[PDB]
Amino acid sequence: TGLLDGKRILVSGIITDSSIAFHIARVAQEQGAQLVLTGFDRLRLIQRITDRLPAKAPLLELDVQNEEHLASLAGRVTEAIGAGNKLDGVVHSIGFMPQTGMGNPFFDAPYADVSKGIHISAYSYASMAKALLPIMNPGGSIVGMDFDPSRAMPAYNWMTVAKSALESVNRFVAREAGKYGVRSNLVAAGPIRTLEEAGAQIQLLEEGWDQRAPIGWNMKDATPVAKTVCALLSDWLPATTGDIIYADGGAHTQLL
Amino acid sequence: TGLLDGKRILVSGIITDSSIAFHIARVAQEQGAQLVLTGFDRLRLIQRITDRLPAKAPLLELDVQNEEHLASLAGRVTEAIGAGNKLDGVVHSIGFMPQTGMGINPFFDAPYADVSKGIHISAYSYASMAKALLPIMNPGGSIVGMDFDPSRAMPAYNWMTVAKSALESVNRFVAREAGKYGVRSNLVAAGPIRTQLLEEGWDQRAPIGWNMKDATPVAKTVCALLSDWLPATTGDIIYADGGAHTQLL
Amino acid sequence: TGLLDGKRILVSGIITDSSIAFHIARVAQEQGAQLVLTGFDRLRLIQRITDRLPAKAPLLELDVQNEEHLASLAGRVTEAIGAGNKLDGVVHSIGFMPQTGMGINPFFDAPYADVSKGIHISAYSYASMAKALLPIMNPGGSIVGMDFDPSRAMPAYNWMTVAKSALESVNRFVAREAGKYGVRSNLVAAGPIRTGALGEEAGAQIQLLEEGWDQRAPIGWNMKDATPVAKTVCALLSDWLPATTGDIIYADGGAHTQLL
Amino acid sequence: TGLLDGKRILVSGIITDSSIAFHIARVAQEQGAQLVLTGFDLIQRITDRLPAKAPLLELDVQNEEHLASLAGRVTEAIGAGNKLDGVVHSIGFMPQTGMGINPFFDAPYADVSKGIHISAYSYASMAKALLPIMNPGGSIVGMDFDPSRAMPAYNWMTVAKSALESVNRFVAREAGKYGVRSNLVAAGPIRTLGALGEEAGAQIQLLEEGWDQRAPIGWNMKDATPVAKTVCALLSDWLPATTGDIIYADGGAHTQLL
Ligand SMILES: NC(=O)c1ccc[n+]([C@@H]2O[C@H](COP(=O)([O-])OP(=O)(O)OC[C@H]3O[C@@H](n4cnc5c(N)ncnc54)[C@H](O)[C@@H]3O)[C@@H](O)[C@H]2O)c1
Ligand SMILES: NC(=O)c1ccc[n+]([C@@H]2O[C@H](COP(=O)([O-])OP(=O)(O)OC[C@H]3O[C@@H](n4cnc5c(N)ncnc54)[C@H](O)[C@@H]3O)[C@@H](O)[C@H]2O)c1
Ligand SMILES: NC(=O)c1ccc[n+]([C@@H]2O[C@H](COP(=O)([O-])OP(=O)(O)OC[C@H]3O[C@@H](n4cnc5c(N)ncnc54)[C@H](O)[C@@H]3O)[C@@H](O)[C@H]2O)c1
Ligand SMILES: NC(=O)c1ccc[n+]([C@@H]2O[C@H](COP(=O)([O-])OP(=O)(O)OC[C@H]3O[C@@H](n4cnc5c(N)ncnc54)[C@H](O)[C@@H]3O)[C@@H](O)[C@H]2O)c1
Ligand SMILES: CC(=O)/N=c1/[nH]c2ccccc2s1
Ligand SMILES: CC(=O)/N=c1/[nH]c2ccccc2s1
Ligand SMILES: CC(=O)/N=c1/[nH]c2ccccc2s1
Ligand SMILES: CC(=O)/N=c1/[nH]c2ccccc2s1
């Protein structure tokens with residue numbers, strides 16, 4: 001008798017057992033969900049990782065920059081879950097920014113690199129919704145992973161810019177998803193350890209988080225973020241869409 | 001299994017069966033919560049409303065402007081739930097602004113005495129209730145208040161909107177205090193509920209629609225925050241408004 | 001040849017020559033404005049202070065909790081600036097919270113009577129002053145209030161933060177009313193301005209809060225100096241921000257736009 | 001004795017005399033500024049209508065060579081030994097696939113990427129090129145329209161503005177090292193130069209009429225001067241402690257729900 005009993009949910013973005021999506025998938029299965037997983041590039045390695053999840057689930061290839069993968073996705077999912085069945089949830093846990101746009105001077109990042117990062121990190125949220133909405137049930141939920149980009153910070157640079165774009169994309173996706181009786185929301189997480197001046201500033205930034213968070217923040221524990229995503233995939237936030245839920249220990253609500 | 005199974009939760013704010021608190025109480029009981037209810041002024045009237053709930057629940061008097069009521073509250077709750085038990089949740093569903101501060105009356109014509117009463121009941125009392133109840137709350141617990149988005153001005157709601165702006169600020173400070181107990185504090189910002197142009201704009205703006213006759217989605221959202229499923233959220237606002245606030249038109 | 005040449009502007013909130021309002025008044029006068037000043041309670045002291053401004057200006061008594069002061073204000077201003085003349089600007093630089101609601105006292109230990117007084121003076125009075133003065137303001141005019149960013153909680157500032165959240169909301173409603181007169185209403189959110197007394201623990205918290213500002217501000221923040229804030233207020237009083245109302249302008253070195 | 005007296009200011013984004021940049025340039029010259037203009041497309045014919053002569057430099061923000069040579073070309077135009085006190089970014093672009101009647105989901109990424117390059121990334125590109133020739137106390141200003149909420153039609157241009165707002169906050173960090181401010185002006189809709197059809201035309205007219213209705217001081221979409229003046233305020237010394245920020249020149253519309 002789980003929070004997600006009988007729900008069919010697609011989860012993208014597992015690459016390691018530290019991946020936020022791995023914990024999302026773990027909690028979702030513990031709560032009764034039937035999953036379809038998608039992975040990028042390193043499929044044999046990803047299969048080895050997903051073997052560590054509590055239940056078996058099909059793994060499909062999805063490169064969000066690959067138009068052919070996106071064109072075939074719905075059919076591939078339907079084959080996996082069975083004709084006449086549809087998805088109740090979709091989790092987007094995908095991000096990438098080349099090193100030039102992260103860690104290197106903000107100004108030295110070439111647009112080619114920034115563009116690739118925006119494609120994967122922001123545009124693909126719309127891509128995946130476009131592909132999947134036709135196979136989603138009413139009452140369904142699309143959830144994307146965010147971090148709060150309302151203020152600039154050292155190091156994350158163009159990735160922050162990409163999250164700013166993602167939040168805007170989410171609001172437009174919500175308009176489209178509404179036509180299908182589907183919600184679209186983002187979870188804005190605090191820092192999670194999922195793997196020199198960049199490192200020093202990130203350190204201060206991460207140390208700041210636990211001190212600002214009124215309930216604390218454990219950057220080694222993805223479970224609170226995973227549980228938040230499962231809340232959004234459930235029937236218990238039925239009037240929330242186009243929105244951002246902060247799973248960050250309350251840090252963004254506190255100056256110090 | 002219920003979402004709130006075994007949880008002891010205090011719910012304020014029931015005055016009618018259209019009250020948002022009534023629907024919160026109903027859904028919470030359906031999900032296995034054991035409730036303590038608080039009401040203001042018309043306690044016999046409120047008792048008859050609470051008879052409509054699926055399960056029996058003790059009713060305690062609480063006028064949030066009454067310091068003696070606040071002083072005795074934890075002790076009266078402990079009597080209601082049993083010595084050695086604590087609360088897992090507190091729901092603040094309390095608000096009031098005199099007619100001089102809402103409606104047809106010009107914004108400028110509300111006397112400060114009326115505004116101050118409104119702010120006392122609608123904003124400061126979120127802090128008062130947390131002060132009274134945190135000493136009898138369990139770690140992992142949750143305080144939830146009812147809000148509406150006050151980030152932009154609108155016709156009519158005038159000083160009540162100002163009171164909600166205050167309440168949002170108050171919630172952020174309550175989160176700091178509640179955190180010391182391992183307790184979360186959050187507000188649910190609801191769309192309009194019948195408990196007109198402004199109101200019908202809502203369903204138009206909301207990507208998933210908005211039914212102002214239906215409090216259940218708001219009640220479910222409150223229960224989500226009372227549950228263990230949003231453990232990293234505090235000092236925050238969850239919008240149960242059909243997404244209306246994310247859309248311009 | 002000043003930014004505010006010919007403008008008649010009322011400036012409230014001077015108590016010392018470190019008051020933000022003192023610097024607003026100074027800059028405004030340097031820029032050709034003709035001022036009327038309002039002061040609370042210690043008018044003799046305030047007269048000695050306003051003797052240090054670049055020009056002589058009339059001083060009117062205004063306790064914003066005194067309804068009779070508010071009822072008579074427009075009349076008294078009109079006497080000060082001449083029959084047939086109206087104001088082009090109004091500066092609200094008034095705030096107050098008792099020590100029970102701001103400082104070392106725990107957030108939960110502020111009684112409502114104290115919080116209510118603070119909200120009266122710090123937030124409600126922005127509406128009060130707008131109500132009293134809009135009938136004697138020219139089209140194109142400007143009402144500016146002082147704010148600090150209350151969107152996140154912080155140590156010490158406690159109920160004054162709550163009062164500022166209320167003020168920001170009040171400002172948006174004042175903008176609706178002021179618009180009828182062709183008048184703008186805006187707030188300037190300033191960084192902290194110096195205008196062991198709280199002990200070492202709270203003293204340390206506040207110093208870290210203050211120093212964090214200068215570190216976050218991309219252009220730095222000088223907490224000794226109200227001039228940049230005074231200039232920002234004068235920008236809002238001028239004709240150069242003519243399509244901005246109900247709004248907040250941050251004069252904080254950009255601190256609020258940066259996380260670390 | 002003007003607001004920008006003696007200031008040397010680069011203004012990009014003039015294509016017609018209804019361009020917001022044309023109005024910014026006009027007001028800036030009226031206020032005593034010495035301009036250098038940049039354009040990319042007959043533009044000299046348009047810039048000839050400004051009240052004073054200004055050198056006009058080619059700058060395609062997608063062209064890396066134009067960016068790499070920009071500072072040197074500006075220095076030659078303003079004279080060795082002189083630096084810029086201001087820079088205005090008034091540049092935006094989104095293909096019709098990403099903005100207008102085309103469904104949100106039907107914009108290919110190549111089109112969206114081009115739009116984000118020109119509309120968002122180029123704010124950083126220009127700052128990079130020009131900061132080394134800016135005076136302390138200088139000001140960089142870019143044009144925005146409030147993207148905090150989704151709206152019909154504007155679609156991926158809204159996304160590009162959301163990205164621009166984030167870029168501005170990062171440019172502020174870099175610019176501060178030079179004692180330079182970086183801010184955006186978020187304008188309400190301006191009637192620059194039934195093309196979209198009956199249905200989407202009516203949606204847009206509702207979107208525009210609601211703006212004047214929400215604005216407590218009203219909103220005249222035919223008049224860019226209030227926006228031009230706001231830009232000049234930011235270029236002036238009168239907002240010396242504002243950076244990484246957004247100033248709304250929208251009649252107050254964004255502060256009101258109805
Ligand atoms: N770790 C954090 O601190 C943190 C905080 C907030 C938000 N997030 C967000 O959570 C999400 C997951 O990050 P994570 O921390 O688990 O890192 P991760 O590296 O485990 O996951 C990122 C995933 O993106 C996938 N990906 C990259 N390019 C792709 C492509 N072209 N097609 C399909 N998939 C692609 C990767 O394969 C990987 O599985 C990201 O959106 C990230 O920005 C992370
Ligand atoms: N109805 C809506 O459209 C709507 C939308 C968003 C938020 N809210 C909020 O939800 C909450 C509940 O409102 P509702 O719409 O259910 O209306 P309601 O009238 O049913 O509830 C208001 C409650 O506040 C209580 N109250 C008033 N003064 C009190 C005092 N001194 N001490 C203790 N309790 C007192 C009343 O007795 C009543 O039970 C309020 O905060 C309201 O602002 C309502
Ligand atoms: N100092 C800062 O760091 C800072 C930062 C941001 C905003 N502000 C705001 O700027 C404004 C001015 O504060 P300040 O720092 O110049 O302090 P201040 O003490 O110099 O000025 C506050 C003024 O409020 C007046 N006042 C108090 N009660 C009053 C009443 N009943 N009627 C009329 N006037 C009354 C006082 O007499 C005083 O002149 C306040 O709103 C304050 O919150 C200050
Ligand atoms: N309603 C409005 O018109 C409105 C409202 C708010 C903000 N804005 C913003 O104001 C700015 C100016 O827009 P406008 O309405 O004056 O339109 P406009 O078409 O006159 O100006 C757009 C400019 O961008 C320039 N441009 C396009 N691609 C370029 C490239 N590769 N390199 C260099 N320049 C390039 C064009 O030449 C043109 O001068 C834009 O950023 C726009 O988004 C416009
Ligand atoms: C060069 C590189 O690995 N860049 C990354 N960018 C992101 C962004 C989000 C999550 C993981 C990653 S890994
Ligand atoms: C005069 C009056 O009934 N005022 C109210 N104010 C509120 C505020 C919130 C909920 C119910 C109410 S009833
Ligand atoms: C007890 C006390 O002096 N409180 C204050 N509160 C404020 C608030 C704003 C400006 C000055 C002050 S002095
Ligand atoms: C005309 C067109 O296809 N695209 C444009 N996009 C923008 C965006 C901003 C300003 C002008 C324009 S013209």
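Numbered from 1 within each chain, the chains take letters A, B, ... in sequence-line order. In listed order, ligands and their atoms are each counted from 1. What you see below is based on every heavy atom in this structure, not just the backbone, and it leaves out hydrogens, waters and symmetry mates.
- At a heavy-atom distance under 4.0 Å, atoms from both the backbone and the side chain of D:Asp60 approach ligand 4.
- Of the polar atoms of D:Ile91, at least one N or O is found under 3.5 Å from an N or O of ligand 4, judged by distance alone.
- Note on ring orientation: taking the six-membered ring where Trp is involved, the planes of D:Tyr248 and D:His254 are parallel (angle under 30°, cut-offs 30° and 60°).
- Counting only heavy atoms from C-beta outward, the side chains of D:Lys128 and A:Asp108 approach each other to under 4.5 Å.
- No side-chain heavy atom of C:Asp252 sits under 4.5 Å from any side-chain heavy atom of C:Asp149.
- When only modelled atom types and interatomic distance are considered, D:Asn168 and D:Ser182 share a side-chain donor-acceptor pair under 3.5 Å.
- Residue D:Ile20 holds the heavy atom nearest to atom 44 (C) of ligand 4 of all those in D:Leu59, D:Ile190, D:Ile20.
- Close approach of ligand 4 to D:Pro189 (heavy-atom distance below 4.0 Å) involves ligand atoms 1 (N).
- Ligand 4 places these atoms under 4.0 Å from at least one heavy atom of D:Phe145: 6 (C).
- Of the charged side-chain nitrogens involved, none lies within less than 4.0 Å of a carboxylate oxygen, so that D:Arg73 and D:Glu58 do not count as a salt-bridged pair.
- A donor-acceptor contact shorter than 3.5 Å is absent between the side chain of C:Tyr126 and the backbone of C:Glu168.
- Side chain to side chain, C:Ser125 and C:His92 meet the donor-acceptor criterion of an N or O pair below 3.5 Å.
- Of the candidates D:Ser119, D:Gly13, D:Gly188, D:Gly188 brings a heavy atom nearest to atom 5 (C) of ligand 4.
- C:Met97 O, 3.5 Å is the protein heavy atom nearest to atom 2 (C) of ligand 7.
- In the vicinity of D:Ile14, heavy-atom distances shorter than 4.0 Å reach the ligand 4 atoms 39 (O).
- Listed by atom number, the atoms of ligand 4 under 4.0 Å from D:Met143 heavy atoms are 9 (C), 10 (O), 11 (C), 41 (O).
- Note: no N/O pair closer than 3.5 Å links A:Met159 and ligand 5 by distance alone.
- Among D:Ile91, D:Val171, D:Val88, the single residue meeting the side chain to side chain contact (heavy atoms under 4.5 Å, CB included) criterion with D:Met126 is D:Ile91.
- When the heavy-atom distances from atom 6 (C) of ligand 4 to D:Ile15, D:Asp144, D:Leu164 are ranked, the shortest goes to D:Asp144.
- Remark: side-chain polar atoms of A:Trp158 are not paired, donor with acceptor, to backbone N or O of A:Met102 under 3.5 angstrom.
- Considering each of A:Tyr156, A:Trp158, A:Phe96, A:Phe147, the one bringing a non-hydrogen atom nearest atom 13 (S) of ligand 5 is A:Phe96.
- Between the C:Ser122 side chain and the C:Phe96 main chain, a donor and an acceptor come within less than 3.5 Å of each other.
- On a distance-only criterion, D:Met157 and ligand 4 share no N/O pair closer than 3.5 Å.
- Considering backbone and side-chain atoms together, D:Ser19 places an N or O closer than 3.5 Å to an N or O of ligand 4.
- Looking at D:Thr38 against ligand 4, nothing comes within 4.0 Å, counting heavy atoms.
- In terms of N/O distances under 3.5 Å, ligand 4 is not approached by D:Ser18.
- When the heavy atoms of D:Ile118, D:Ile24, D:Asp250 are ranked by distance to atom 29 (C) of ligand 4, first place goes to D:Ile118.
- Distances from atom 8 (C) of ligand 5 to the heavy atoms of A:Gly95, A:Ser93, A:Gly13, A:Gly101 show the closest one on A:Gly95.
- Around atom 40 (C) of ligand 4, the closest heavy atom drawn from D:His89, D:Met221, D:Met94, D:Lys161 belongs to D:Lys161.
- Judged purely by atom type and a 3.5 angstrom limit, D:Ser19 has no side-chain atom pairing as donor or acceptor with the backbone of D:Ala21.
- Looking at D:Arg149 and D:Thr158, their side chains never bring a donor and an acceptor atom within 3.5 Å of each other.
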